[PDB]
Structure formats: structure tokens, C-alpha cells
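Undergrad: following this: a sequence and the matching experimental structure.
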Amino acid sequence: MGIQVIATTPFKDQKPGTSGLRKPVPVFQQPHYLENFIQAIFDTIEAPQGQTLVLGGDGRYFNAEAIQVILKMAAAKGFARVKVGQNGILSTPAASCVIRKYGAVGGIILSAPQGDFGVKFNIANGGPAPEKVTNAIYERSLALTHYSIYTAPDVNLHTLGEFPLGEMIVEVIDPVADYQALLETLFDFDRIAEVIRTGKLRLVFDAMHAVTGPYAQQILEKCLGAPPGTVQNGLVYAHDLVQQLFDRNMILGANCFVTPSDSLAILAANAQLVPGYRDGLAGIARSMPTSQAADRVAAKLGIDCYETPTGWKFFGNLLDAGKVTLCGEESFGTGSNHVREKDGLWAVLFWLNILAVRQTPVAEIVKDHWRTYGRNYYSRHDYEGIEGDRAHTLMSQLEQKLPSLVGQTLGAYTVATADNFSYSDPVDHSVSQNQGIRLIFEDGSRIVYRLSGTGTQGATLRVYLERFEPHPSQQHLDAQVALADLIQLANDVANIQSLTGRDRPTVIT
């Protein structure tokens, strides 16, 4: 029955941030809440005329109804076509792939405190929206008096094809096809299927949930022949398997978790074993608080190693410019220039290709990596819920002390660098300042302090502890034992206990 203007009034906290707008499901269900935010997104696209929008999500409650609103608003917007996943299903790496392949203007990914609802906006290069766009969406969400939508019955998404909706085409694509074709240009799927068939080696992963869901289903079990039950539908630690180093399948059993910090280093050190990275890496990038494990690898390969502020956001300029091929973020995962997002399956397949070529279990690959490059012991200590400006007093009192720290020896560690991390973008030349305090020692060890959640009633102080151990006989300690000396130095110099009243960290990774 056609395009309609519908009056609305602003909501107050439609401020996206790093992963898009994440609110409890009832908050997104408020009348006009979703429409307000989607309207604010579309008002940043100026020339939708012949453009394509990508659309999908992770199933889960409210996604089905939300995709129907987004389609109907896209038709009113004037998009030529919306590539939407079958049954509304599209993963974040898949959407990044699909956006990049077809030149889409961007995409809306509906994925996600456990139980929240999330709306993410990705732009033309396939990556997350930069802050200048996110802030523009939030500001528009506070000034809107109306929105446009095409009133029509819901479009069925069970079967593939092109379906009309106004002047717009609703193309229901296979969620996995394009994305699996990209993964097949990067890895030897033949050799991966072989090492699963023999079933002698555990499966390795570095991002939580990488070995679950319908993508890991179709690729690992249906395509690559893994035994049913391998993929969970909605764990042994590699450091444990190395300590325990001093007939039935193995894939189907436990999966071996390698931290994103070490995984990025190992993957880069074995990159030339796989088809997609045989000619070599252009460079590596990690978020600043990620451990320096990949630094040691880049140095031996003679490639640059970029240190960016936390976010898969800053990786984008380096990947587009060809300065970087592999990248990783502490406690989040790894990825490459094949897409513009963290990719858990990519790392899982990349590990499985290494295991198939080197013919050796994960625990030996890791033990050998540390033998060659040294181990970067690495734990994060979170102090959650400090009040607002006591954490700010902690960071200021420490920032004050930093110039005098340089050159001095505190216990066993000599300070090479004590600074407030700033990043000058080698492409943007945009400076990001005050991204955390770094104590960098000459032996290669490090202590990093960052504040998070500034804006809430409370803030979280994060302390990153890193000890570099070159001696192979010292490379299988318990991480907290190995870090004990750096721990009590980090606490003393910052005066954590005296200035926050906390005796224990809240969380210790």
C-alpha cells in the first residue's frame, strides 16, 4: 500500500559505539525504537539510488521481525537491492565478505551482557563504521521527528531468489556460499579434510564460539567431513597441553584454545604453509595491549608490526593500504585482509591447514614456537566498578611519574619507555591520544594500564602483565607464577590498592 511517513520522537541512548547499539531485547522492542535507529543509519547514505544493502543476523529472538522492518525501510530509502541471508542468517565475517565482493554501500548485521540485542552498521569497505559516522547516527537519533517506511506484507526468506518489494529487489542469498568460496582461496581444503579424517590431532581455535553455529556446521562437518557432534549448536588450553608434555577421533573431542596473542604470532610464523599467504606477509598489526608475541615473529621475517589502539577499527586503514596482511586483538580473535572483521572460522581453518602440513599436535607447535621466539607470558587483571574519578586519579598520578621512570631499574626490570600511548595513522594521519599508559622494559616485558567504561557510574581499570622468557626451560610455568614479580611491581608503582581499596582483581585471565 506504499511509502509512508510515520511520526516519531527521539530516544536518549541510541549511541552505538564499538559494536553497534546493544540493548536488552525489550528496549529494542519499544515502539519505533528500531525504526528510529535504522532511519538514523540510512540518513548517512546520500546516494542509495542504484546501491545494494547487505542484511542478516544470527537467528535469535526478535531478529525475524527486525529484518522485516529493515527491508521495508530500505525500500522506502530507495536501495536497488538488499542481499539478505536465507532465513535472515548472515555472520559478521560473511557480511563483510559479501559487502566487499558486490560493491555494496554497506550492511546491517543483527548480532550480539548475555541476552542483549544488537544492530551493527558496516560501511562500503566491509568494516565497522568509524566514530565520525557512529556519532553522526547518534546525533541524528536525537533530532528526528519522523521516519519513512514502505508498508507491505512480510517477504518470505525461506527460499533463495529475487523477490519484489516496491521498486526494490530483495535478493535472498545463501549465507555460506560466497564466504566459503573466499575461505577456499586461502586454504587447502583437500589437506584439511585429510588431517580430520585421520583424526589424530585436536582442533585449534582462538576466538570464543568459532567452532559453533551453522557456519562451522556446513564447512567443518558437511564439507570437510568432520564427525557429527564436532560442532556445537546454540576445551583444553594449549598452555596446559604443553605442561602435560613435560585410537578414537581427536577432532570430535575437546578443542584446544590458543590465546589470540599467541595465535596471531604462530599463524604469522607458519603463514607460508597455506595457499592464501604463500608469497609472504605485507606486515602484521595488533591492538596495543595485545602481547608482543607477534612482534618477535615480524622481526625475524623483516616486516613491519603496527601497534594500533584497541579496535578492529584501526586495522581497516592498514589492510586497505596493503601495509598489513594479518592482525589480532587480545581476548577477541584474529583475522586477515580477506575481510574487515575478526574471523573465528578463518583462524580455525588456518590452524587446521598448519596441522595438516606440519603433521604434529598443537602442543608441539606451540612448544616449538616458544623455543624459537621465546614465550610472552601474558595475563590481564580487571578491576571492575571503581568509582568514576578515583580511577582517573590513579591514571593521573601515574602519568605524572612516567618521565622519571625512564632509565631506572625497578627490582629486576629496567625501564626503556614510559609513555601515554598515542597512535598516528600511517594513512589517515589522524592521531588517537591517551590510549593507555605503557611501562616497557628492556628485557621485552611490559605493563600496560587502561581505563574502560568511562561514562558509566563506574570505570574498569585493566592491567596487562607481560613477561618475556627466552630460556626454554622456563617456558612452561603457571602464568600467574611467572608474572608474580611484574604483578607486584604493577600494583606498587600505580598504588592500585591504596588508591582504589581493592585487594584482589575482579577478573584474572
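TA: Sure, I can see it. Numbers count the residues shown, from 1 in each chain.

Undergrad: and the gap between residue 475 and residue 299?
TA: According to Cβ to Cβ, to the nearest Å, residue 475 stands 19 Å off from residue 299. From N, CA and C alone the C-beta is placed, and that goes for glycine too.

Undergrad: so for these two, which residue has more residues nearby?
TA: Each of residue 475 and residue 299 has its neighbours counted (other Cβ atoms under 10 Å); residue 475 has more, 20 against 12.

Undergrad: looks like that one contacts residue 375 (just checking).
TA: Yes - Residue 475 lies in contact with residue 375 (Cβ atoms under 8 Å); the separation is 4.4 Å.

Undergrad: what's downstream of the longest helix seen in the chain, the next helix or strand?
TA: Counting residues, the longest helix found in the chain (DSSP state H) is helix 388-405. Moving toward the C-terminus from helix 388-405, the first helix or strand encountered (DSSP states H and E) is strand 409-410.

Undergrad: where along the stretch 101-250 of the chain do the strands fall?
TA: 106-110, 116-122, 146-151, 161-165, 168-173, 203-205, 236-237 (DSSP state E, counting those that start in this stretch).

Undergrad: just checking, what packs against the shortest one?
TA: For strand 236-237, the elements it packs on are strand 255-257, judged by 3 or more Cβ pairs under 8 Å, 6 or more residues apart in numbering; DSSP states H and E.

Undergrad: helices or strands up against the strand it packs on?
TA: Helices and strands touching strand 255-257, as assessed by 3+ Cβ pairs under 8 Å, 6+ apart, comprise strand 203-205, strand 236-237, helix 238-243.

Undergrad: which stretch among those is buried most, on average?
TA: Across the helices and strands packed on strand 255-257, the average number of neighbours (mean count of other Cβ atoms under 10 Å) peaks for strand 203-205, which reaches a mean of 25.

Undergrad: ok, residues contacting that one?
TA: Residues outside strand 203-205 that contact it (Cβ atoms under 8 Å, 6 or more residues apart in numbering): 211, 230, 238, 250-251, 255-258, 263, 344, 347-348, 351-352, 355, 362.

Undergrad: can we see that at 10 Å?
TA: By Cβ atoms under 10 Å, 6 or more residues apart in numbering, the residues outside strand 203-205 that reach it are 195-196, 210-212, 216, 220, 226, 230-231, 235, 238, 250-258, 263, 266-267, 333, 344-345, 347-348, 350-352, 354-355, 361-362, 365-366.

Undergrad: narrow those to those that are buried.
TA: 195-196, 210-212, 216, 220, 226, 230-231, 238, 250-252, 255-258, 263, 266-267, 333, 344-345, 347-348, 350-352, 354-355, 361-362, 365-366 (16 or more other Cβ atoms under 10 Å).

Undergrad: any idea which residue of this structure is furthest from its center?
TA: Here the chain reaches farthest from its C-alpha mean at residue 1, the gap being 41.8 Å by Cα atoms, centre = their mean.

Undergrad: excluding its backbone neighbours, what's nearest that one?
TA: Distance criterion Cβ to Cβ, 6 or more residues apart in numbering; nearest residue to residue 1, sequence neighbours excluded, is residue 151 at 5.2 Å.

Undergrad: list the buried residues in the longest helix of the chain.
TA: 391, 394, 395, 398, 402.

Undergrad: one step back: mind listing the shared neighbours of residue 475 and residue 375?
TA: 239, 242, 366, 367, 369, 469, 482.

Undergrad: need the contact list for the residue farthest from the centre of the chain.
TA: Applying Cβ under 10 Å, 6+ apart to residue 1 gives the contacts 150, 151, 152, 153.

Undergrad: now the spatially closest residue to residue 281 that is not a sequence neighbour: phi and psi?
TA: Counting by Cβ to Cβ, 6+ apart, residue 281 lies nearest to residue 325, which is 4.2 Å off, once chain neighbours are set aside. Backbone geometry at residue 325, expressed as degrees, to the nearest 10, gives phi -110, psi -40.

Undergrad: look up how far residue 360 lies from residue 325.
TA: 24 Å.

Undergrad: these two: which has the busier surroundings?
TA: residue 325 (22 against 14).

Undergrad: quick check on the residue nearest the centre of the chain: phi, psi?
TA: Nearest to the geometric centre of the chain sits residue 342, at 4.2 Å (Cα atoms, centre = their mean). According to degrees, to the nearest 10, the main-chain angles of residue 342 amount to phi -50, psi 140.

Undergrad: so who does the residue nearest to it when sequence neighbours are not counted touch?
TA: Nearest residue to residue 342 in three dimensions, chain neighbours excluded: residue 333, at 4.1 Å (Cβ to Cβ, 6+ apart). Shown in contact with residue 333 (Cβ under 10 Å, 6+ apart): 205-210, 260, 263-264, 312, 327, 341-344, 346-347.

Undergrad: equivalent analysis for residue 3, please.
TA: For residue 3, the contact set (Cβ under 10 Å, 6+ apart) comprises 72, 75, 76, 77, 78, 148, 149, 150, 151, 152, 166, 167.

Undergrad: could I get those as a markdown table with distance to residue 320?
TA: A markdown table is the format used below for the contacts of residue 3 (distance: Cβ to Cβ, whole Å):
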| residue | distance to residue 320 |
| --- | --- |
| 72 | 33 |
| 75 | 31 |
| 76 | 32 |
| 77 | 26 |
| 78 | 28 |
| 148 | 33 |
| 149 | 34 |
| 150 | 34 |
| 151 | 39 |
| 152 | 38 |
| 166 | 34 |
| 167 | 32 |
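
Undergrad: buried among these? Make that a PyMOL selection.
TA: Those of the contacts of residue 3 that count as buried under 16+ other Cβ under 10 Å are selected in PyMOL with:
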select buried, resi 72+75+76+77+78+148+149+150+152+166
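
Undergrad: and of the contacts of residue 3, the nearest to residue 411?
TA: Closest approach between these and residue 411, by Cβ to Cβ: residue 77, at 61.2 Å.

Undergrad: now do the contacts for that closest one.
TA: Counting by Cβ under 10 Å, 6+ apart, residue 77 makes contact with 3, 38-39, 41-43, 45, 48-49, 51, 53, 148-150, 168.

Undergrad: can you select the buried ones from these in ChimeraX?
TA: Listed next is the ChimeraX selection for buried residues among these, using 16+ other Cβ under 10 Å:
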select :3,38,39,41,42,43,45,48,51,53,148,149,150,168
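
Undergrad: quick check, nearest of the contacts of residue 77 to residue 290?
TA: Nearest to residue 290 among these: residue 41, at 30.5 Å, using Cβ to Cβ.

Undergrad: what's around the closest residue in space to the closest one that isn't next to it in sequence, how many residues?
TA: Closest residue to residue 41 apart from its sequence neighbours, by Cβ to Cβ, 6+ apart: residue 121 at 5.2 Å. Per other Cβ under 10 Å, the neighbour tally for residue 121 reads 22.

Undergrad: then the one 10 residues further on?
TA: Using other Cβ under 10 Å, residue 131 has 14 other residues around it.

Undergrad: and residue 464, which of the three is it?
TA: The three-state label given to residue 464 by DSSP: H, G, I helix; E, B strand; the rest coil is strand.

Undergrad: how much space separates it from residue 55?
TA: For residue 464, the distance to residue 55 equals 37 Å [Cβ to Cβ].

Undergrad: cool, residue 206 as well?
TA: Taking Cβ to Cβ, one finds residue 206 at 28 Å from residue 55.

Undergrad: repeat that for residue 325.
TA: Residue 325 is 29 Å from residue 55, by Cβ to Cβ.

Undergrad: quick one: contacts for the closest residue to residue 271 other than its chain neighbours?
TA: Closest residue to residue 271 apart from its sequence neighbours, by Cβ to Cβ, 6+ apart: residue 277 at 4.0 Å. With contacts defined as Cβ under 10 Å, 6+ apart, residue 277 is in contact with 186-187, 267-268, 270-271, 325-326, 336-338, 350, 353.

Undergrad: mind checking which of these are in helices?
TA: Residues of the contacts of residue 277 located in helices (DSSP H): 186, 267, 268, 350, 353.

Undergrad: good, we can wrap up now.
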